[PDB]
Amino acid sequence: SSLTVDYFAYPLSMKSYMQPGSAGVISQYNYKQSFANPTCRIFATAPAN
Amino acid sequence: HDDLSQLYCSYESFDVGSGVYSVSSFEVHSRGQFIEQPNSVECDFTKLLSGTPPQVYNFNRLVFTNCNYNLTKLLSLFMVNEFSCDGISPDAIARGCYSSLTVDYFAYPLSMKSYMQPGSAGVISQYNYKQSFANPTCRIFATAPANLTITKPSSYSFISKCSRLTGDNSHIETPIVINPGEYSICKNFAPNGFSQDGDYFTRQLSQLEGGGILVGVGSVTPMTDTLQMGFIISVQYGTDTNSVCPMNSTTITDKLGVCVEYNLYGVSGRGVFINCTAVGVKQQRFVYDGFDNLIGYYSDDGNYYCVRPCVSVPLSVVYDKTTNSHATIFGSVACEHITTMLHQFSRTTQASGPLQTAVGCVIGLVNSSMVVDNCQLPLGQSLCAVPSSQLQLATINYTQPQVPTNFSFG
Amino acid sequence: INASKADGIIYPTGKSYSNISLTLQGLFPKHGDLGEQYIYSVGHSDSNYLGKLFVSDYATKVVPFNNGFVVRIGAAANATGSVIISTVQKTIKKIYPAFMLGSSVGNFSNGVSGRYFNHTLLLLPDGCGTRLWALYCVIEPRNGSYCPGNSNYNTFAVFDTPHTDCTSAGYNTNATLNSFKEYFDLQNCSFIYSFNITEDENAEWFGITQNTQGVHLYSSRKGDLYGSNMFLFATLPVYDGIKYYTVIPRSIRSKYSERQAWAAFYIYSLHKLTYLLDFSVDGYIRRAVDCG
Amino acid sequence: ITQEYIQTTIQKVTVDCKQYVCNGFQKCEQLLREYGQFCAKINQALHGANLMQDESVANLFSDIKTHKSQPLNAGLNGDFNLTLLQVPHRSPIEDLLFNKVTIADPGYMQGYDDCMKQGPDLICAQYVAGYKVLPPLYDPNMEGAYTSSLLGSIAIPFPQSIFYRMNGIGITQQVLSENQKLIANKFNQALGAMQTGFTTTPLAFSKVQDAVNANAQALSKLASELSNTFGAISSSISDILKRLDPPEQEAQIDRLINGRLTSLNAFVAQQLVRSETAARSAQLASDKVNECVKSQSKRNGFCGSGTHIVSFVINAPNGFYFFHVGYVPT
Amino acid sequence: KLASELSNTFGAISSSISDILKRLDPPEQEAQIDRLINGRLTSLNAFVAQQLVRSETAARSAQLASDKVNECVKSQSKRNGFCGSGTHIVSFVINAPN
Amino acid sequence: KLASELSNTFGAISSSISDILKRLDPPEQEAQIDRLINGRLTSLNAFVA
Ligand SMILES: *[C@@H]1O[C@H](CO)[C@@H](O[C@@H]2O[C@H](CO)[C@@H](O[C@@H]3O[C@H](CO)[C@@H](O)[C@H](O)[C@@H]3O)[C@H](O)[C@H]2NC(C)=O)[C@H](O)[C@H]1NC(C)=O
Ligand SMILES: *[C@@H]1O[C@H](CO)[C@@H](O[C@@H]2O[C@H](CO)[C@@H](O)[C@H](O)[C@H]2NC(C)=O)[C@H](O)[C@H]1NC(C)=O
Ligand SMILES: *[C@@H]1O[C@H](CO)[C@@H](O[C@@H]2O[C@H](CO)[C@@H](O)[C@H](O)[C@H]2NC(C)=O)[C@H](O)[C@H]1NC(C)=O
Ligand SMILES: CCCCC/C=C\C/C=C\CCCCCCCC(=O)O
Ligand SMILES: CCCCC/C=C\C/C=C\CCCCCCCC(=O)O
Ligand SMILES: *[C@@H]1O[C@H](CO)[C@@H](O)[C@H](O)[C@H]1NC(C)=O
Ligand SMILES: *[C@@H]1O[C@H](CO)[C@@H](O)[C@H](O)[C@H]1NC(C)=O
Ligand SMILES: *[C@@H]1O[C@H](CO)[C@@H](O)[C@H](O)[C@H]1NC(C)=O
Ligand SMILES: *[C@@H]1O[C@H](CO)[C@@H](O)[C@H](O)[C@H]1NC(C)=O
Ligand SMILES: *[C@@H]1O[C@H](CO)[C@@H](O)[C@H](O)[C@H]1NC(C)=O
Ligand SMILES: *[C@@H]1O[C@H](CO)[C@@H](O)[C@H](O)[C@H]1NC(C)=O
Ligand SMILES: *[C@@H]1O[C@H](CO)[C@@H](O)[C@H](O)[C@H]1NC(C)=O
């Protein structure tokens, strides 16, 4: 019925701060993932130039 | 909104039969806080934060009890790679309190993360470290701070083989595998780290030991640019009176017999605190029952408090469909508890009057002291509700006082 | 061991129960277990001058630690008993056991058993019965004379001299520790712990277990005094797995005129058993059932 | 005198499904939003069972109407001593039966306040687990009236009807007339022997205790099934909320929800079959009253051993207790 | 009850197998479908037990109905209260829905 | 019924505890034995009723 995408520049070294049980500053002040809908978090590399 | 609206929503129909229905009870909100926290000493993390970390087979263990620590500082120091947790989450560790905290830390390359997975068949789970899952645990891999007191060792090393030779020719090979959470017998060959990739060690075991020949081989991985560390943490909850809390105290004397939210020396929950006669051992701060629930508490003011769970007032609704009049029964509750205490119910219930019957307090029934033989809305204990403008509270009574004269067929 | 008297029961930590009976799994002694009886004697003193040390073979024997052990201390006190070295009826006093626990054992230069290697846990009572020492040091034998570094070694023992250190002027805090230091050298001590003990003639229960949190020390002195329930009073940071323990023979150097009778303490092994513990209104366990 | 107990009523229990499953937690209630129809079905089934039970009890006790009795005298009517079965609103034998049976008292008037004030039972577990025990249809002062009217239903006073019932079984008028005093004293000893009959080794008292224990076992199962973890990390939603993360929290709370809903369904089925059995037993008790008590039965073994003479019925904790006076040669 | 128990999710993402198959990977599809299978099998077992109890009760009540017919319909009953109130004259039986 | 309910898997990889201990790691062993435990307890409760 709908598709909602949140995208942002994000290093792959800080990838574990996006896990749902994290206690770091990313889950507290930057972005917390919501699980009210079937959701998926994708870490990717942008196309080069 | 009101009673008989919950009845309509529960039956999912705008028409229901006339009768007495037990609708859902109310929601209980905490009317205060009971915080009782001591002035604890900072936990000693200086061994972790100063000095060279050891290798995986010679890991250091830190056990914290009855202390307060700062999690934000420790999380800011370490650059955390992937973590895996089973019975807990890191946010739950940063949120609540627990009886003990056991941390195992070592120097561990980030390229060997898969060898610490629970189903691993490599040499790390066999001779170096095996995670134990008796308690809720987290397995954390992180990068140490660069310019701080933590210093890089020479290299990463681990035990590649650890076996016993026997059979009167040193030809029978039997590997010696470690237990979860325990050290290795072959860790005494090079406790500070192996020097070469193919270091071969031999030792004769005594008679009180297995009695064979101990053979131990250790591999060496080159040290990376930054020091990478592994952490195997664990928590316990109901094993100590004092708790470990990551980084105000109120009194329960003004609020007794009311549902409050308590945080008593790390034990958190909700309940009703009343004065009680002192039972159980005093030096154990908490009294439990057969189902491991808090039933008592020894406070700092020298008063034993009996702890009860927060209760909801039961509700029953009388309904008459023909006259569209309804009544409300509070089952086995006195009217003084409706008026004075609580006063949190449905909207119109919070706003004839409250009458005390043999089945509890009722609102919406006018007392008329009338007597009927039977009715369609019994309330229990020989009580009844008879519709008229509104329902009237009645009672059921018995009446007890033939030569055949006229024919009659029944 | 009589489970109907709740003998050797370690109380649960962090909580208590009142007027209810529970089944629990923990570390309890087996019902009807005779255990091992250890007797501490008085040294040879023919004239009212000291002499040799009268000990037993406790130091040579090495016992597996397994899940721990529980010690019954001073159950024969307030009773007329014989001095071990002689036949003299005296009132029995209470003596505290001395332990040596480690993870690896071998031989001395003689070839006799003993010689705990690397870090060794020592539980030495001191204060003439009013202090407990907990040490975690590397044990290194001293050479020369009867010390275990020269080739005539017989046994090692801990001695006390009551007319020097049990006097009313003061109590020597380092009596048994200095007696122990004459046999071995203490190097690389991880911790030294001191616990104060009140002087009384009451029967005591002592327990010691080990898990991932360290070595746990239990005593009936803390909590259920005038009873048998044991409560935790210390958690030593000994994380290497203890495999063996040895009862250190403790012989007192007392004169012929001032001899004394000392109780025999009993050590019972702990097992992973299920027990039905009966908690009273005051919370202490007064009777129990060993389901096995 | 042989003693027979026939059950007529079980305890009426209604369960608040939301309070039982979730214990007032917002996350559990949000997860239970998808299971509201099952909770509604549980409440509707239990309400229907309790309603049918109330209708059966009313039909059983509707025998006061269209039924005439006669007043009786004090404890001695004729030469027969009837003070044990007569009200001074319960008879002394009814009080003796009720004191020897251990029943946990359900407070119907102010039991909630009593359990709130209490410090160190299942009646107080009612409000912490989420179930409510409904009061019975009739106050005991109506059951006592029913039993007293049945005692009255034996013009033609009690000794004359007793001698008529003895004359009907095969004893002539002369043998009854010359031994009236012996019959009266033997009846008095038979009535006085009822004091020692309230013992576990008689069957009927064991059946009374079995009914009380069955009600207590139903309440105990309902209370103690809340401690099942159902594979979760804990049986308490508070521990799950304090120990886990939002995506993993719903899995454990849903496991608890499914286990508690299945247990509630099993409890509902058990209550339904227990209520049907109690209704059939109440019909059996009404037939037994109509045959043994209101008249004399000529069939052997139905109203006790020997030859049936007269039967007396009194109230019980969950039914009727019968005292079948019989004839036995010796 | 038998028809409405098919709407129970039993902890799955949906109570429909078609919604499970269109939303998930096979290693999770098998898990969700196994959840649904176990729930429906347990509910069917409960239904079977309830039907057995109900049918035994109906058989016993049918035997009681036959006894009542033989006592009150084909003959006059001298027993008090078995067939109606007061004394018994005659009885008539008709069919009912069950 | 009592004998044949012991062959149900209740969603586990096997109905045998020996097979579970043979094929699985302890964190999944404790998760898969618990399903068998809960299913057999529920079946025993139904048998008791
Ligand atoms: C050996 O004899 C001594 C004699 O003193 C015994 O010590 C005494 O033991 C009794 C045991 O009941 C103690 O009484 C208790 O005192 C406390 C505190 O006053 C009180 O709360 C209790 O209710 C109880 O009355 C007594 O205090 C204690 N006295 C001393 C000086 O320790 C000892 O138990 C005997 N030991 C053996 C193994 O027989
Ligand atoms: C836990 O540690 C953090 C970081 O060391 C502390 O936060 C610092 O507090 C000082 C004093 O208020 C400030 O000058 C810093 O700017 C803070 N740094 C950060 C990153 O916030 C925090 O105060 C400590 N917690 C407690 C309870 O003392
Ligand atoms: C300790 O527990 C016992 C048993 O649970 C309690 O004894 C009961 O007391 C009540 C009230 O007097 C009686 O109705 C029961 O018959 C007793 N049961 C038994 C088995 O004796 C005793 O009161 C409790 N003591 C407390 C709470 O101080
Ligand atoms: C990584 C530093 C660990 C230092 C060891 C000391 C204490 C650890 C104990 C408890 C906190 C758990 C932190 C889990 C990792 C954070 C992951 C994240 O927030 O994404
Ligand atoms: C990648 C190694 C070679 C795999 C292919 C060869 C043979 C297949 C047979 C058995 C594989 C069992 C080990 C599986 C991986 C172990 C990983 C670890 O222990 O952490
Ligand atoms: C233990 O002691 C032995 C010899 O006593 C020594 O070789 C070994 O290195 C020691 N192990 C350590 C210190 O970890
Ligand atoms: C230690 O001494 C015992 C007893 O003499 C002997 O059996 C054993 O072989 C010795 N072990 C070593 C390693 O010397
Ligand atoms: C609570 O009870 C104790 C003991 O019964 C009593 O000493 C104390 O005064 C009481 N406190 C209050 C506030 O009632
Ligand atoms: C109703 O009123 C009568 C007389 O005023 C009184 O006797 C009776 O107790 C009242 N009923 C209630 C429930 O208060
Ligand atoms: C154990 O203690 C009970 C009660 O103290 C006692 O009756 C019993 O005899 C004791 N057992 C033995 C073997 O003496
Ligand atoms: C033991 O006694 C000494 C001397 O009085 C005292 O300084 C010390 O604090 C005591 N130890 C404890 C743990 O109380
Ligand atoms: C009838 O019995 C009671 C006790 O059951 C006794 O007190 C009373 O005296 C008896 N009546 C006569 C007339 O003896």
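Worth a mention:
- Taking each of D:18/D:41; C:94/C:255; B:321/D:18; D:132/D:221; D:41/D:132; B:187/C:181 in turn, the alpha-carbon distance tops 21 angstrom for B:321/D:18; B:187/C:181.
- Value of [θ]222 nm, deg cm²/dmol, for chain C, DSSP H segments ≥ 4, -39500 (n - 2.57) each, nearest 500: -1000 deg cm²/dmol
- Once the Cα gyration tensor of the range C:1-121 is diagonalised, semi-axes √(5λ) in Å: 34, 25, 12
- Here's how it looks for residue C:241: its modeled amide H is under 5 Å from those of B:183, which are all 5 or more places away or on a different chain.
- Residue D:189/residue D:167 FRET efficiency (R0 35 Å; Cβ-Cβ; nearest 0.05): 0.95
- Amide H partners (placed H, <5 Å) of residue B:86, local residues excluded: B:137
- Rg/Rg_ref, the protein assembly as shown, where Rg_ref = 2.2 N^0.38 Å and atoms are Cα: 1.20
- Prolate/oblate/rounded label for the range C:118-173 (Cα gyration tensor, a/c 1.5): oblate
- Modelled this way, with points 7 Å down the Cα-to-C-beta line, the labels at residue B:254 and residue C:191 are 4.2 nm from one another.
- Partners for residue E:78 among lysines (Cα-Cα distance below 22 Å; same-chain residues under 8 apart left out): D:65, D:68, D:288, D:294, D:298, E:68
- Modelled spin labels at residue A:1 and residue C:5, positioned 7 Å past Cα toward Cβ, are 7.4 nm from each other.
- For the range B:45-57, 3J(HN,Hα) computed residue by residue from phi via the Karplus equation (6.51, -1.76, 1.60; θ = phi - 60°) reads 9, 6, 5, 5, 7, 9, x, 7, x, x, 7, 5, 6 Hz, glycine and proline entered as x.
- Bridge type composition, the protein assembly as shown - antiparallel percent by DSSP, nearest 5: 90
- Fewest neighbouring Cβ atoms within 10 Å first, the residues B:15, D:54, F:34 line up as B:15, F:34, D:54.
- C-alpha center-to-center spacing [the range B:104-148, the range C:151-209] in angstrom: 42
- Rough spin-label spacing in nm, given labels placed 7 Å along Cα→Cβ, for residue B:168 and residue B:13: 9.0
- Unsatisfied cross-links (Cα-Cα over 26 Å) in the set D:242/E:1; C:30/C:61; B:113/B:152: D:242/E:1
- Folded to 0 to 90 degrees: helix F:26-48 orientation relative to chain F principal axis, Cα: 0
Values quoted throughout were computed directly from the atomic coordinates according to the rules given, and no laboratory measurement underlies them. Note that we place each Cβ from the backbone using ideal geometry, even for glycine, and neighbour counts take in every protein chain shown.
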